[PDB]
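So you know, we letter chains A, B, ... as the sequences are listed, proteins then strands, and number each from 1. These numbers come from the heavy atoms of this one structure, side chains and all, not from hydrogens, waters or symmetry mates.
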There are 4 protein chains.
Amino acid sequence: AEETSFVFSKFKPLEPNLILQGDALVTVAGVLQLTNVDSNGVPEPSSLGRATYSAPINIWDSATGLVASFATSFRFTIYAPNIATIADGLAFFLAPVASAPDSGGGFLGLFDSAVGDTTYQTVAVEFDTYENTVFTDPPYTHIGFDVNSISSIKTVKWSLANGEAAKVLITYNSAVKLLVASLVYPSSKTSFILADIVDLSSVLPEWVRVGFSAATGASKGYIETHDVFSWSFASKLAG
Amino acid sequence: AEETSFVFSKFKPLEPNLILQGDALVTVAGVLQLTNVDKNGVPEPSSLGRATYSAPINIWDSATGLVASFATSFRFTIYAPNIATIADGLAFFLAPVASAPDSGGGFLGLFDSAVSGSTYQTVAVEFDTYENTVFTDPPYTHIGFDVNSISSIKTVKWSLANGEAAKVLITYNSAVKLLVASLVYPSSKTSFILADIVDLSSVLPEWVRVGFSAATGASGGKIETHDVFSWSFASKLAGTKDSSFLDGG
Amino acid sequence: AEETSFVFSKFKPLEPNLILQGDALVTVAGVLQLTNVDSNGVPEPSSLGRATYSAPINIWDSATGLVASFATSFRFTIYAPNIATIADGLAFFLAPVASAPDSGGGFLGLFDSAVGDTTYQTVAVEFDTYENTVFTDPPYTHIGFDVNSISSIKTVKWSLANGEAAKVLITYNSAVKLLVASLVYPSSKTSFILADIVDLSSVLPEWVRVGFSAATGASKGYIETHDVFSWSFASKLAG
Amino acid sequence: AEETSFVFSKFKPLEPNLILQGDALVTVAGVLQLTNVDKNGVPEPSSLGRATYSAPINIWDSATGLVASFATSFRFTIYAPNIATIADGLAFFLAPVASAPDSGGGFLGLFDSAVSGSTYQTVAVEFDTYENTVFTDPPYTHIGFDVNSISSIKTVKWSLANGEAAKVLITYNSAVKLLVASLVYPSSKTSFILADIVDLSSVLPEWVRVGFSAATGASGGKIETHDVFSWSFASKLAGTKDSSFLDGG
Ligand SMILES: [Ca+2]
Ligand SMILES: [Ca+2]
Ligand SMILES: [Ca+2]
Ligand SMILES: [Ca+2]
Ligand SMILES: [Mn+2]
Ligand SMILES: [Mn+2]
Ligand SMILES: [Mn+2]
Ligand SMILES: [Mn+2]
């Protein structure tokens, strides 16, 4: 097998194995603030940020035809000053090695429009806090699987626990082609899960970079934090 | 840290690191049939079986007061020739080192009655296929957490997909005390999850044996199979890496 | 894969996943004293003790014909009150599941005489502190690989650092059939290693228990401790 | 912990998680050829090549003062068409993130002259095939630990088995500060080991890249290949299960 793994049980203000894009930064306290937060903890609108692990991950192989299994865990908080006006959300994603931030707000930095496009070569699990009816978003905050489109191929309800840390596990099984995403809140004891088959071979290039992307709302007051506290990842591509 | 881990990607007819109790047996195709199945695949009633890893696991420590985190993963099939009449279920459990099967049917081999009692020292994640009203079972098939009682402290719905393989992950984080159980059907793409705080230190002994228990219905016709295809486990009692664990096997 | 692993970063007075045989006991400070040691830390003569992990391990498979790879590490101390007169030593071993101690002294609890016998079905890496010329022991304290006989199929010099902790790694790769054993003293910065091809399939049964065995001298004054501080083990048997 | 690991069970022509410097290339057969080899397998003189994992590794931390443990294994072959005339050798090394190849030949791509210099911030385990008396090289092919200097702090004898694959394990325990390097020939059943205390915190930056460096001789005829077949690495900087790291890792 070809394998890659890492663990950040915290982040550090100097973190050269993490490529930070847009407004993403690591605080002195070890938290990866994806979108802008001021000194009092107040999130800011019109914000887009991304963090990706610096080394490319081999996700499938042309000669053999085999695809990697992977698993990734992370712990994150979304705090909203007013839970009545929130946006836009965060996502864990795989994309080409040279990927740059796309459109912000509803596009979660990952897509440019409503339309499905094979050229994005982007698979993402989204944690979506704002309904874009333009994107067939469901009437509730939700988890979705985004395969070359911001119009999720599947979703499920996720009830946000304001300002509480959420623990996420995302897994992908090569043999079954099943992507599974689960979110638990230890404080509230609530838990949510989604599963769907996704063919990585037809969507991603052989080599990808993985990380996070998050956006705050375009309008004043539609603001929330996207704080990652910890992150671990492991892939295995069998020969 | 004290650590215990194992992986059975199949089972074997001769499997001395697994203690079989009741009707449980491994077939020559490597399937762990917890409950009686005849030669044609037809499950039998009045059945009870258990399988437990032979080595005791250190789940908490009185000198430190620390408790283990663990994770376990397994793949299992429940097949019912008639989906209108199914019973009683399977469970993954932690119990004292010397535990033996208790009562069958709706008690799942793990308890003797409806009543809660600390002396069981049993914590279990059930996949319960029959509504026992005197156990306060909900109106549907469900996953439940049982802490010294067959009356689950919490449950959620699980739609059994008849005859299809179900992948389970159960994890326990001693830092948050959160037990989480999830089940996914790759065939159907359905998925289910339950989470709850459980204090192992007050409810288990320091040393446990872990494994599976299953029962078929005490009425002729209320039958199904309880076939475990594979099982991995890892425990970590500090004086696991979970993404690396499911991935590693 | 069929896999078994465990780590004892120390030992406990109540340890039911360790089967203790002979004089072996765990102290209140978490030390596995394989052979008798009195209250002042003075080792005693005529002692023999073993500890094996309680779950049998699948080491090879009859249907596929495949053999397990394994790796084990442990930290141990041998303390002698008089390093002019020491015996007999200690060994890590694999043997049938129902194995019970055999003869003491230079037989290390693992064999009954000098002769080779396929019926032992035991493979051991010995750390031997007394020359039995009767066993072809080399003239120096040594590491040996014992395959169904106390006459090592191969040995190498091991210089005992009296009362200092030794870290051992023993690995078996099933693709190459190579058994490798190394020992290092962090205190003296000395290191020793031995390698040989060993066919486990033809010596061991499919299922084995693993652990340690040790013995002190038959003669008065020929005494040393055989204290194990920590031990970890991982096997992997592929389909 | 902050952890970084990878495994290359072979290499590929497109390998963007490796950084190739100097003459290093990977062949269609998946072999990392650190120094020039023509089409017939014949190594070429005057060659220097390196390969390093593309992600920086956190090796120690100035806030806590902790240093990482790490462990690495690799399989390599050195083939000389004339074992009487060989040079210069190869090395696994940790250096600053922006590090680039230094002087060639017996400097092994890692150092610029014989003298020690804290500015190198380089720690290496060399597999040295040519005696440079100016560097105090022992009169035999050897394993050595190089800490900011080509003159090893410690060495041990290593008898090159020409054309045969060598399996290396290098470990660093941060609690004891003991670096250990072992090398074994499965084909020959020979083995070699070296252990020393090295304080990483004083020699390396908090962040490093790690990899391989190799050089063939300056004079025609002093030539050998430096072919790496596989490489895995794991580090752990606490705020590794090594037996699990040999077995898998
Ligand atoms: Ca949205
Ligand atoms: Ca029931
Ligand atoms: Ca002897
Ligand atoms: Ca040299
Ligand atoms: Mn959405
Ligand atoms: Mn129930
Ligand atoms: Mn001997
Ligand atoms: Mn040298």
Side-chain angles (χ1 to χ4, degrees), chain A residues 1-20 26-30 32 51-64 66 68-73 95-99 205-211 229-239, chain D residues 1-19 26 28-30 32 52-64 66 68 70 73 96-99 205-211 229-241 244-245 247-249:
Chain A
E2 302 300 281
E3 307 181 32
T4 300
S5 72
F6 50 86
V7 178
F8 295 94
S9 207
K10 50 181 255 62
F11 299 90
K12 331 194 148 169
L14 207 232
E15 190 85 66
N17 53 359
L18 226 220
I19 298 172
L20 299 165
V26 173
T27 80
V28 183
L32 166 64
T52 66
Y53 192 58
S54 79
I57 314 308
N58 201 3
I59 221 61
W60 70 273
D61 180 70
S62 167
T64 61
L66 301 168
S69 286
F70 68 84
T72 188
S73 316
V97 171
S99 69
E206 296 174 79
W207 281 92
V208 298
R209 277 183 160 130
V210 299
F229 305 123
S230 68
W231 176 36
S232 80
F233 180 94
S235 68
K236 169 206 262 72
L237 177 64
Chain D
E2 308 289 284
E3 295 182 48
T4 295
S5 67
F6 42 92
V7 177
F8 298 90
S9 286
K10 49 216 198 56
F11 300 98
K12 285 152 183 213
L14 164 63
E15 199 68 72
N17 59 352
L18 256 191
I19 303 161
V26 170
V28 309
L32 171 60
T52 51
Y53 185 64
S54 98
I57 296 168
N58 203 356
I59 233 281
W60 70 273
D61 181 73
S62 59
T64 68
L66 307 196
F70 66 83
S73 49
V97 170
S99 151
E206 295 172 74
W207 286 96
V208 306
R209 275 177 165 122
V210 301
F229 312 117
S230 63
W231 176 32
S232 70
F233 182 90
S235 74
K236 209 223 287 187
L237 173 69
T240 114
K241 176 72 284 156
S244 285
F245 173 86
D247 205 47

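For the atom pair CZ of A:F70 and CG of A:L237, the computed distance is 12.5 Å after rounding to the nearest 0.5 Å. In this structure, OG in D:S230 is found 11.5 Å from NZ in D:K10, a value given to the nearest 0.5 Å.
A donor-acceptor pair under 3.5 Å is formed between the side chain of A:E2 and the backbone N or O of D:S9. Here the side chain of A:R209 pairs a donor or acceptor atom with the backbone of A:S54 at under 3.5 angstrom.
Of the listed residues (D:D61, D:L237, D:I57), the greatest number of heavy-atom pairs within a distance under 4.5 Å of chain A belongs to D:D61.
With a threshold of 4.5 angstrom between heavy atoms, A:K236 does not approach chain D through any atom at all. For a residue to count as touching a neighbouring chain, one of its non-hydrogen atoms must lie under 4.5 Å from one of that chain's; by this rule A:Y53 touches chain D with the side chain only. At a 4.5 Å heavy-atom cutoff, the contact between A:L14 and chain D is made by backbone and side-chain atoms alike.
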